[PDB]
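> Sharing a structure, written as structure tokens. Questions coming.
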Amino acid sequence: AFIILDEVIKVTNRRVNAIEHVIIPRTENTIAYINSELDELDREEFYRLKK
Amino acid sequence: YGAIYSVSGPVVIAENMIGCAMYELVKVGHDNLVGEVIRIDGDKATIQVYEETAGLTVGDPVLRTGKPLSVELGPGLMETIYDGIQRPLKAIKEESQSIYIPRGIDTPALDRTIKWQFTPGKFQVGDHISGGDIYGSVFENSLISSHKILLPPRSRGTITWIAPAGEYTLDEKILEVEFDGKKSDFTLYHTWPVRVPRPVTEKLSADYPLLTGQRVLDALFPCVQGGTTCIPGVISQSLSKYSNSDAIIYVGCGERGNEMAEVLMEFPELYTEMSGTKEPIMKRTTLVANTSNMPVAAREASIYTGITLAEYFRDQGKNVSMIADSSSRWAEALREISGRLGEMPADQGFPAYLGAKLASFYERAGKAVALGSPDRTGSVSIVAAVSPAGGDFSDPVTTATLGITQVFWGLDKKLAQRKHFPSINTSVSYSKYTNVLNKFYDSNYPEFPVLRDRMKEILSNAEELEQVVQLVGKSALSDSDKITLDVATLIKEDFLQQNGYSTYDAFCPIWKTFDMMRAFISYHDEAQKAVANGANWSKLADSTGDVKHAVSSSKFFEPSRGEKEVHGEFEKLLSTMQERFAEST
Amino acid sequence: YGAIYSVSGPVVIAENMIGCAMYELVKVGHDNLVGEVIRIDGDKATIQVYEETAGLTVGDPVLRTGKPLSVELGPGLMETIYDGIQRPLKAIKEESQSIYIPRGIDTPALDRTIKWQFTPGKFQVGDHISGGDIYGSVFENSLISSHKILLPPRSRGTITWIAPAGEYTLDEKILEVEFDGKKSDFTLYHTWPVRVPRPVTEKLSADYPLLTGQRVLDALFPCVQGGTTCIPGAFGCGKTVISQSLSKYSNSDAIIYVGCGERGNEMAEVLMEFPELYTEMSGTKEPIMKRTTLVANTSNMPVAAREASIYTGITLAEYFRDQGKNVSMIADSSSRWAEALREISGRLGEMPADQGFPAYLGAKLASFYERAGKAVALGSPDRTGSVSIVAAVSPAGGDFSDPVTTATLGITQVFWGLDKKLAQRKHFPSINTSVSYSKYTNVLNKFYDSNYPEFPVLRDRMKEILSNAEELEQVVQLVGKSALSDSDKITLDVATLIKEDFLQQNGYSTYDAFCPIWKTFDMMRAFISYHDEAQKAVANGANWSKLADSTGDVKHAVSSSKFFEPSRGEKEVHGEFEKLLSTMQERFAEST
Amino acid sequence: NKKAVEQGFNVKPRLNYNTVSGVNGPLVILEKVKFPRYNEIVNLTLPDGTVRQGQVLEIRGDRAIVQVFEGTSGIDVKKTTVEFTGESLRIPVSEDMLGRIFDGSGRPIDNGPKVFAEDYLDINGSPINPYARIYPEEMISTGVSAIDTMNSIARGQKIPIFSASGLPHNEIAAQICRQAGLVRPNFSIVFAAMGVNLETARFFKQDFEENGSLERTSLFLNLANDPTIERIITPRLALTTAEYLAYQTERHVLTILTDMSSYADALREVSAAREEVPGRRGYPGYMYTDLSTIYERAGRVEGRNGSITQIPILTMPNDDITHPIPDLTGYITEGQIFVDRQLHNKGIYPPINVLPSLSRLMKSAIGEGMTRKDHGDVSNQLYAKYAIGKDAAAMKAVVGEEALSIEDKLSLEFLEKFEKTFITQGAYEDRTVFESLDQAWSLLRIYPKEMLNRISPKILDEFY
Amino acid sequence: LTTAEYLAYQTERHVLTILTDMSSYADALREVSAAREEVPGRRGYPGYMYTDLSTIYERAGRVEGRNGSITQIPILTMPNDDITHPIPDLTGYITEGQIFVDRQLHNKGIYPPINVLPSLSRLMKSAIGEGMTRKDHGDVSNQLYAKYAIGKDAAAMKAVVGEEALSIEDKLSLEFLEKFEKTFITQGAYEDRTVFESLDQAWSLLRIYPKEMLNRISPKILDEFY
Amino acid sequence: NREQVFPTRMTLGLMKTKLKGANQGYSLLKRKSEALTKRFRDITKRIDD
Ligand SMILES: Nc1ncnc2c1ncn2[C@@H]1O[C@H](COP(=O)(O)OP(=O)(O)OP(=O)(O)O)[C@@H](O)[C@H]1O
Ligand SMILES: [Mg+2]
């Protein structure tokens, strides 16, 4: 039971560290890039309407 | 007087109006609505009327003020609540006897009926006079005495006639200055364009510290007089009274009207908890209060009016601390004006000049020798609440504020939820004025920078120890790490968590802060020495529980006595702690 | 002669010019600035001047030349540097004695004083000559010898008189052609509008590879002689170095290096270094500079001239193609050409379309990239040339979603994508092997089966190894490498070796400045044989850790194979490689 | 001798236009103008008597569109008089400018006299002929190990400094100025301030005075208080001064262009004031051309010993390379020195992140005659192993430190001893390029000889 | 708002206006603005939408001279359930506090689908006082919010770590969450609950805990009410 | 360092949902790791005994 719990805890801690360090910066950067891209599209539409 | 030619929303075009300067305020309509000229196309001059533009007819006269958006600087500012464009709300209510602001109300921003006891200065008739030179003094209030009257900065010439001492109305002529023709008569008040900064002889480095009263903000993240400061937005009340600034320019009141009402009620109610027994806090603080119902131009120019008032008070040599609140609301007003003007968005819909205007506004603040004789020095400290948008520091206004402002105090939501005060996050907050403040610290309190660096290192080690205790068992930590964690916990409990509600630690002075710093440093050094000597951590804690209790009570010690009485108590506590630590070994 | 009415930026709406044609070349201002008409609104005619507009007064005369922007093809182009509108920078410097380019310099596009040895062709008096036919050749330099003189396209008739062999200048008459009773006098040079592609008899499907000299470009994503190529990537990725290396070490007969928006220091580096380098072509060691001309229009030069630079370069490439040579145009920034187009469009007032780039940007890029291709020259004698356009796109913000990059990917056939992650950490060429593609791998099977039959199979094996390792690294980076199989570990190790040794090439190192096709094929064979031997040995039962410990020497020998200098020759380098495989096979059998 | 003087003795009366067809934003439109030029600087005299200076930007038939540098506020149609100088903006340039402090518009704020001009040079300048431009191949021993071993700077290089708002870019840029010198045996610094705060400007002034460089610096201070339109012309003035002092005076010049993010913000404000294209993130479509007009004025030229090196200091908004200002600046310039917020927070000075940093003039000026023969291989190996160490650190954070292999552990150790001993350097300590190469060789000697695959084997045998 | 101003200030009575479909009002403002040849703002809405909504909102509030009041409950309709939408953003800026109706709550049960985790009132401390309503209101509301957050955490944690492994403070919190989303929040569309009755029910839910578990409530309130 | 997602409003909402789910999973898995670590410490003590 101790060995199985050690393996499970190692896998879970690796999963938490992976989730945070990889995914959360990755998804946050994707959100920022998407917001920037739609902001650029809105700015282009605004410029066309101003013209 | 011109005539209205076109009205399309708050965009009034006035024809047969030649001679209107750029950005010159005008009196639009028969109700004397105020508006600024945003573009000229010959006779026509497009005007952004501040108030509601409904009911404006074609041919309504448009009077020309002849000056841009300006603030009426002079005696009578201190105990007054103003709007964004300096509308005297108190006198407006008194005159109108109504809860509303009548459209195009022309109540002068300064009381023209009150009589001021004028005392002429050293300047006499026939003497050459320069801009900003003091030619008289006026007793305005008890807390703010000797309201020095200044010549308008652009004015120059020689003094032709100066009125003698006495009680004079604010509209009566006081000084006639001749310069290629005696075409200048100066009263006790002068107008200055709000956007145009008040000139100074020479801007000086900001060296003397701004004593906010709070131990955390006065020790770990200090601010200097004439320096800019940032707050995410207790601190506002502390700067209002505990700050040693001779004047306060509150330009906040928030976007919410309820917040404005609360601020207006609290400021007059609060007294001078700092030095000064019987003096209202409002006796030196001018409230530039603007709600969201106020005109968007007024909301955008509230901070500019406040900073111009602060520079006027600085030109008299007074240290001023202009507490700015709802900078997010100001940025929203600026974005609204940009969208009204059709200006191209730059970042998240904000205008392209947001960073430039913010940088110029923060560069207005600074210690500088006032223009004209006698040589005098003033300071304009800015403490602007950044108010991050959506709870995150991603707004362009927030980014610019953190980029130009030198101090960020970083109130923490988690720390506030933990019932901590002032709940300043020591890991996010910072202060770039330590290098300059090292001069004053060497002059007065030599060991204070070293002690502050020691606490910064202690806090970093405490964060590391907390991470270690979260990762693995707490008991696995070394004796030195445990001692450092305990010392940091005691520091957070006593030094940093000093609540201002209790009169014992309502406003910790710089000497009391240095005494607490020395006590904490001595306790940490004694603990480290005991750990190095090989003594058990538990035994050392059991022996030095009395020393820890004395250190904790040092924070609760009343600073009313002051002088060497507080210093003498710290010396006894330090000696007792050293003796107790040595006896334990 | 018109007058200037409005000057706003690089565009000049000149009034009083009824009769001006579209894209007709004009002379705006007292200094005779070079400009092209874009719009004609009545007597007004908007002009994009190709020079600096500062100092143009309302009322300045504007001459109407009557002819479009015309490059001056002919002998003397090969070893020169041009200003975008074909102004020799050497001549400008010599005439002005200043380090600057004066506004309105009207130096001839080709040196007129230089006398060229002329050798008449097979044509003589009375032979009916057609457009594009070769009626003679001139000795230009040691490398580009017999710079064949072509009859201008759309010029046709019977030869009345031909100049005998001797020495001639460009202004001297060389030929007289009679068409419908009207005699036409032809010189060594001839003008051609840059907008219109030079005609060819019939374009052909390109089949011979363009040996770039870079390992990854030559092996994984090959390019043929006569196909468009795209090189997107942010600053510092390696587009300029890839372009310069291709120009230095390509198998092309001539280079048309076009820099639009590129720094002047890159031009200075090329002018300084190309004469130092030498080529083994033509049976002798001759400088690279003798067969490459440069169209230099830097970023601080007038905005409107970038389009003129692109078109002048592509027309020079088309001329040397009609001469039957294998030319490869190198546009340094099609993105900067597009940014010039965007600036002109914004100053004019057209609809921004996407990102502000004009709506005709895609069509203009498609036409420019369609100028390229292998083709049979227009006239007899029959000879075949090719133009390979390898243009470096510069996306804004380092994202391949820019309109210029999207249009270029839509129109070109070879896409050498560059990743800034590999641009950093000094992993040049920073080619992104996942997104990059080459559509000439199918057609190149003929050349591969003719010369290196195992090249396509080895390239496919390396590509699938790289893909498997990409998947393995992706899964490992989130789930660790404590559960991988032995085969997975072998794949990861071999692909890391490939990235560190084979794919990465130090173009500024003597051993890896130019890896030829045979060396690249041999090293692919070495790496693939290493991977196969490791896989077989482990499948036999050997633990991968112990196998790596025992075969570290073989791994080092494989990874250090790049240091074999190709200057030793094919025989010497291949001899060492054959011993490398034999030793590696032995060191994998003894260990197992 | 010099025949350019004789053209000076020629008085040219200038028209005084009282006609203003209208003012909108920062642009004032004039009417009935007699033959307007396209960039001629004009002097608007406001009704209050203060004289703004503007330059025309579009000139239709008998109509001119002036943008004033000090803003249009206070301009009236009836009373403003515009005086058409008839020539584009021309800074008065003399050799005595070395040692002076000017303003954003070129006015001397040094409380001294107006510069006794030796020649009037247009601020816009002219492009340098690529044939007449020499490739800079002379290294500069900037003292900093990162900028001398991994991002070596040539004499004519225009390598900027990328940093965020709070990073010590000014501290690093001042270190380069006081330590700039050739590897194989003084620079005349030209400092341009665009929108920097008073503390930064005073710090630069005091640092130059302390190091004694103030006798060879011509500062162009344009603080945040200064008008936001003349941030455009301030770098033009600085680069005209540098172009003179180099190509006509034979002085090696450092050009410091601080807060180029502020300059580009001013450019974006000017563009959005008109109906110009928004490019990306609101910046003008011609921002590449304007930044090129700024940067490309550096370099060495044929026949003239003077050289100009540009060290522009940028301010990335979110510390992002993908932002238009750093992206276009790295596209135009010949490298960048990336100052890392992560390294600064960790405690490293200089906090230079070498992976985003680049020096395109390293290929030349790094070799067997200019620097040590191992320089290029050492630098390439250092980048390779430092990136491998960063990847290993990320993998350590993800899957614990135990899962890393021997190579990853060696990479972590190398990264620790590289950031802590090699990149880290005292603010006033300068290291010879050979000492920096020796330290780099020690860091590589951490690794075994086999794993160094970027070192040519002859160099590896000779220098290990 | 004009009728409210009349009643409250010229009649001295309390109003509590309830404006419905501020999204519909914003769309109407969009059409009125675009009819005057004006460029749309960020999400098509006019740039001065902040000023217009500020007028409409700040038309409410108390005054010193008069004994009346104007409370406001502008009920928005968030498009695509996005808070970053301009109408919700500007309304949150101008107004103080916010009440959220949750799609998950609506699917799970019946009126009102109001979730308390993202919904808060900024001037709550003034309304929940000692003389007005009851002196335990603030402590009870804070305790309920904290235990609802813990109940949501425990409901998420049950499927992760098994029901048995949850602590006592998590099992009790899950039971409280069930009885909270099913009995306290769950209210009939026609039944009226006074503030005192609602606080009594809140205490009835809070009594499933040991007296030591309730930490946010003051000890005096715990001794007097629990 | 960003997901290869085409910029769109639907994509933005999907990525916000993914971020919320990732944060929730991070918190839940950290709490599960803490519980299993307490159980593992108890198991280690029991194993020694
Ligand atoms: N194949 C290579 N071998 C060695 N070093 C290289 C190679 N490619 C690039 N580099 C290095 O990386 C730098 C990248 O500069 P380069 O001129 O290639 O940039 P770029 O992507 O073309 O930029 P820009 O868009 O600004 O023109 C070179 O100056 C050189 O130091
Ligand atoms: Mg390039």
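Protein sequence lines correspond, in order, to chains E, H, D, U, R and G. The numbering of the first sequence is the authors' numbering, which starts it at 155 and goes up by one. Residue numbers 24 to 256, 264 to 615, in the authors' numbering, belong to the letters of the second sequence in order. The numbering of the third sequence is the authors' numbering, which starts it at 24 and goes up by one. Residue numbers 12 to 196, 207 to 485, in the authors' numbering, belong to the letters of the fourth sequence in order. The numbering of the fifth sequence is the authors' numbering, which starts it at 260 and goes up by one. The numbering of the sixth sequence is the authors' numbering, which starts it at 4 and goes up by one. Virtual Cβ for every residue (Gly too), placed ideally from N, Cα, C.
Note down, in chain order, each residue of its chain lying with its Cβ closer than 6 Å to the Cβ of U:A263, except the 5 sequence neighbours on either side.
Walking along the fourth sequence from the start, residue 263 of chain U turns up at place 242. Excluding residues within five positions, the ones whose Cβ falls inside 6 Å are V211, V274, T276 and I329.
> So, helix, strand or coil for D:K50, using DSSP?
On the third sequence, position 27 is the one that residue 50 of chain D refers to. The answer is strand: DSSP assigns D:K50 an E or B state.
> If you count every other CB in all the chains shown that lies within 10 Å of the CB of D:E593, and 16 or more means buried, which is it?
If you number the third sequence from 1, residue 593 of chain D lands on position 570. Flag for D:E593 reads exposed.
> Per DSSP, what kind of secondary structure is H:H579 in: helix, strand or coil?
Taking the first residue of the second sequence as 1, we reach residue 579 of chain H at position 549. Here H:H579 sits in helix by DSSP.
> Quick one: is D:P375 near chain E, going by C-beta distance under 7 Å?
Walking along the third sequence from the start, residue 375 of chain D turns up at place 352. It does; some Cβ of chain E falls within 7 Å.
> With DSSP as the reference, label R:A287 as helix, strand or coil.
Counted from its first residue, the fifth sequence places residue 287 of chain R at position 28. Three-state DSSP puts R:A287 in a helix.
> Can H:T251 and H:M290 be called in contact, C-beta distance under 7 Å?
For the purposes of this step, residue 251 of chain H is taken as the residue at position 228 of the second sequence. For the purposes of this step, residue 290 of chain H is taken as the residue at position 260 of the second sequence. The answer is no: Cβ separation not under 7 Å.
> What I want to know is whether the C-beta of D:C538 ends up closer than 6 Å to one or more non-hydrogen atoms of ligand 1.
Residue numbering aside, residue 538 of chain D sits at position 515 when the third sequence is read from its first letter. Answer for D:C538: no, Cβ out of range of ligand 1.
> Can you tell me which residues form a DSSP beta bridge with D:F380?
Taking the third sequence and counting its residues from 1, the one referred to as residue 380 of chain D is at position 357. Per DSSP, D:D377.
> Are the C-beta of R:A415 and some C-beta of chain G separated by less than 7 Å?
Position 156 of the fifth sequence, counted from the first residue, corresponds to residue 415 of chain R. Taking Cβ atoms only, chain G reaches closer than 7 Å to R:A415, which makes this a yes.
> Based on DSSP bridge pairs, tell me the residues matched to H:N349.
In the second sequence, counting from the first residue as 1, residue 349 of chain H sits at position 319. DSSP output for H:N349 lists H:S409 as bridge partner(s).
> Looking only at DSSP bridge pairs, what is R:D280 linked to?
Position 21 of the fifth sequence holds residue 280 of chain R. Partner(s): none; R:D280 has no beta bridge.
> Is D:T263 near ligand 1, in the sense that its beta carbon is under 6 Å from a heavy atom of that ligand?
Sequence index remark: in the third sequence, residue 263 of chain D carries index 240 (1-based). Under cutoff, so the answer is yes.
> Taking Cβ-Cβ distances shorter than 7 Å, what residues in chain H pair up with R:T310?
In the fifth sequence, counting from the first residue as 1, residue 310 of chain R sits at position 51. Per Cβ cutoff of 7 Å: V326 and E366.
> Tell me which residues of the stretch 329–361 of chain R have at least one Cβ-Cβ distance to chain H shorter than 7 Å, keeping chain order.
Of all residues in the stretch 329–361 of chain R, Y352, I353 and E355 have a Cβ within less than 7 Å of some Cβ in chain H.
> With respect to 6 Å, is the separation between the Cβ of D:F451 and the closest non-hydrogen atom of ligand 1 below this value?
Taking the first residue of the third sequence as 1, we reach residue 451 of chain D at position 428. Yes, Cβ of D:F451 sits closer than 6 Å to a heavy atom of ligand 1.
> Can you confirm whether D:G99, when its beta carbon is compared against all beta carbons of chain E, has any partner nearer than 7 Å?
Against the third sequence, residue 99 of chain D aligns to sequence position 76. It does not: the Cβ of D:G99 has no partner Cβ on chain E nearer than 7 Å.
> Look at the Cβ atom of H:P452, then the Cβ atom of H:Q267, and state whether they are nearer than 7 Å.
As a position in the second sequence, residue 452 of chain H is number 422, starting the count at 1. As a position in the second sequence, residue 267 of chain H is number 237, starting the count at 1. Not closer than 7 Å, so no.
> With distances taken from CA atoms, which of U:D114, U:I170 and U:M108 is nearest U:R381?
As a working note, residue 381 of chain U is residue 360 in the fourth sequence. Ranking U:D114, U:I170 and U:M108 by Cα distance to U:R381 puts U:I170 first.
> For ligand 1, any of its heavy atoms closer than 6 Å to the Cβ of U:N474?
The residue labelled residue 474 of chain U in the question sits at position 453 within the fourth sequence. It does not: the Cβ of U:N474 is nowhere closer than 6 Å to a heavy atom of ligand 1.
> Scan the stretch 296–320 of chain U for residues whose Cβ lies nearer than 7 Å to a Cβ of chain D and list them as they occur along the chain.
If the cut-off is 7 Å between Cβ atoms, the stretch 296–320 of chain U has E297, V298, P299, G300, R301, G306, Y307, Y309, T310, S313, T314, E317 and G320 near chain D.
> Is there a Cβ from chain R that is less than 7 Å from the Cβ of H:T321?
Counting from 1 along the second sequence, the entry for residue 321 of chain H is found at position 291. Closer than 7 Å: yes.
> Within the chosen definition, does the stretch 540–552 of chain D reach the stretch 573–592 of chain D through at least 3 CB pairs nearer than 8 Å?
With a cut-off of 8 Å, the stretch 573–592 of chain D and the stretch 540–552 of chain D count as touching, because enough Cβ pairs lie within range.
> Between E:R168 and chain D, is the shortest Cβ-Cβ distance under 7 Å, so that the two count as touching?
If you number the first sequence from 1, residue 168 of chain E lands on position 14. Yes, E:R168 counts as interfacial toward chain D.
> How would you label U:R272, buried or exposed, when you count the other beta carbons within 10 angstroms and need 16 or more for buried?
Residue 272 of chain U sits at position 251 when you count from the first residue of the fourth sequence. Its Cβ being crowded by 16 or more others within 10 Å, U:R272 is buried.
> Going by C-alpha distance, which of H:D156, H:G154, H:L432 and H:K171 is nearest H:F162?
As a working mapping, residue 162 of chain H is identified with position 139 in the second sequence. It is H:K171.
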